[PDB]
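Residue numbers (this note's numbering), protein chains in the order written: chain A, 499 to 699; chain B, 12 to 59.
Read the structure below first, then the notes.
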Amino acid sequence: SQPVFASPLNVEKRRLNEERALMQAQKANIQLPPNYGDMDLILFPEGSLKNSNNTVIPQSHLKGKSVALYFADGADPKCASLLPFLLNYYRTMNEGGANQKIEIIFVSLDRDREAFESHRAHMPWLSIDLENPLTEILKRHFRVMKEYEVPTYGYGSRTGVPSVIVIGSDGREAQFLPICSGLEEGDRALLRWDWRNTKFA
Amino acid sequence: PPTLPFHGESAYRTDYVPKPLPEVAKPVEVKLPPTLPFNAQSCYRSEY
Numbered sequence: 499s500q501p502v503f504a505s506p507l508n509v510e511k512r513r514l515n516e517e518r519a520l521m522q523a524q525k526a527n528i529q530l531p532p533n534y535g536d537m538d539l540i541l542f543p544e545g546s547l548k549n550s551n552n553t554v555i556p557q558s559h560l561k562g563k564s565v566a567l568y569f570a571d572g573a574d575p576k577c578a579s580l581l582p583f584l585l586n587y588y589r590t591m592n593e594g595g596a597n598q599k600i601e602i603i604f605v606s607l608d609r610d611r612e613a614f615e616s617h618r619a620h621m622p623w624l625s626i627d628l629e630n631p632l633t634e635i636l637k638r639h640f641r642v643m644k645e646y647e648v649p650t651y652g653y654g655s656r657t658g659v660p661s662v663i664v665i666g667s668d669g670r671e672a673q674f675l676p677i678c679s680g681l682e683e684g685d686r687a688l689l690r691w692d693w694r695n696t697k698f699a
Numbered sequence: 012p013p014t015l016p017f018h019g020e021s022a023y024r025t026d027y028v029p030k031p032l033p034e035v036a037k038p039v040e041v042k043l044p045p046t047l048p049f050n051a052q053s054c055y056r057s058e059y
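Given below as structure tokens:
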């Protein structure tokens, strides 16, 4: 139930972990349903993330870094202002040291096949495929949505396009970067992204 | 005319959210120094 309750990640977290809880109960004095601290999952499955040339990278590479979804759209001119600042910010992290510090998972709100690839050529980090259903799954997890067509469950629009949210292993939000938020500090909220505490386990 | 669907939240419910509790488990472990043996003699124990 973190950060929200009515999320497709959330409903599959509880369903799968109580399924393994019922099996270990009948294979063995335990409490049901399991606690949220015992909620364990894989966020990105084996064929989700890929960089350029469409080659998949496993999530064992992602550990020890600070990964962050970049909910974006190539037609929204809020977002187009934020590409060269995010490209410059990501580039300077990864060059300055022995290892790569941050990482960006690109989540797209484009319209068709041509719209995704035209956006995808300007940036070097990872992505999730638009046609893969998990792009829709993470928007309704983080309440990141442009215009109201899908009914949110008593919540509001947490943020519109664009947004950079750093994530944890169990799917929780770690800190929100307020580009267009209650702070509205666009083009400078990327400096508030620390990486010592927001480490992907 | 179309009905524009409602979006909006109070500032209390967007900032005061339930939060991940801090993961604190650390006691103050101390190591006792071993006592050195009592190698001392009285004078009347030395020469008498």
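Think of the CB as a built atom: it goes at the ideal place given N, C-alpha and C, for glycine as much as any other residue.
In the DSSP annotation of this structure, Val35 (chain B) is not part of any alpha helix (DSSP H), being labelled neither H nor E. Annotation: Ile528 (chain A) is outside any beta strand (DSSP E) and is labelled neither H nor E by DSSP. Contiguous beta strand (DSSP E) elements confined to the segment 590-623 of chain A occur at 600-606, taking only those with 3 or more residues. Scanning its chain for C-beta atoms nearer than 6 angstroms, with the 5 sequence neighbours on each side dropped, one finds around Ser625 (chain A) the residues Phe604, in chain order.
The C-alpha of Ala573 (chain A) lies about 12 angstroms from the C-alpha of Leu580 (chain A). At a beta-carbon threshold of 8 angstroms, the residues of chain A lying near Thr25 (chain B) are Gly654, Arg656 and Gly680, ordered along the chain.
Put simply, the backbone Cα of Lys637 (chain A) is about 50 angstroms away from that of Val41 (chain B). Only residues of its own chain outside the window of five on either side were considered, and among them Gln598 have a CB closer than 6 angstroms to the CB of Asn592 (chain A), listed in chain order. Using beta-carbon distances, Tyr646 (chain A) counts as an interface residue toward chain B, with a partner under 8 angstroms. Residue burial is scored here from C-beta neighbours: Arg656 (chain A) has at least 16 other C-beta atoms within 10 angstroms and is therefore classed as buried. Among the residues facing chain A, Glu20 (chain B) is included, as its CB has a counterpart in that chain under 8 angstroms away. CA-to-CA, the gap between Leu628 (chain A) and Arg518 (chain A) works out to about 31 angstroms. Each residue's CA atom was taken as its position, placing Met643 (chain A) and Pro33 (chain B) some 30 angstroms apart.
DSSP lists A:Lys548 as the bridge partner or partners of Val554 (chain A). The C-alpha of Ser667 (chain A) is placed about 24 angstroms away from the C-alpha of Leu607 (chain A). If you draw a straight line from the Cα of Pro532 (chain A) to the Cα of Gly669 (chain A), it is about 17 angstroms long. With respect to the C-alpha of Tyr534 (chain A), the residue from A:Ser499, A:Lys563 and A:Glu634 having the closest C-alpha is A:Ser499. Of all alpha-carbon atoms in A:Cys577, A:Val502 and A:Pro506, the one lying nearest the alpha-carbon of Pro631 (chain A) is that of A:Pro506. Less than 8 angstroms divides the Cβ of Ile602 (chain A) from the Cβ of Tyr568 (chain A). A:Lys561 is the residue among A:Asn695, A:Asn549 and A:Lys561 whose C-alpha sits nearest the C-alpha of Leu541 (chain A). Here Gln529 (chain A) has no same chain residue with a Cβ atom under 7 angstroms from its own Cβ, once five neighbours each way along the sequence are excluded. Comparing C-alpha distances from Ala619 (chain A) to each of A:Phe583, A:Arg512 and A:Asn552 shows the shortest one belongs to A:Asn552.
Burial state of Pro48 (chain B) is exposed, judged by a 10 Å Cβ sphere holding fewer than 16 other Cβ atoms.
Under the DSSP definition of a beta bridge, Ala570 (chain A) partners with A:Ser606. A direct Cα-to-Cα measurement between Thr46 (chain B) and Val664 (chain A) gives close to 53 angstroms.
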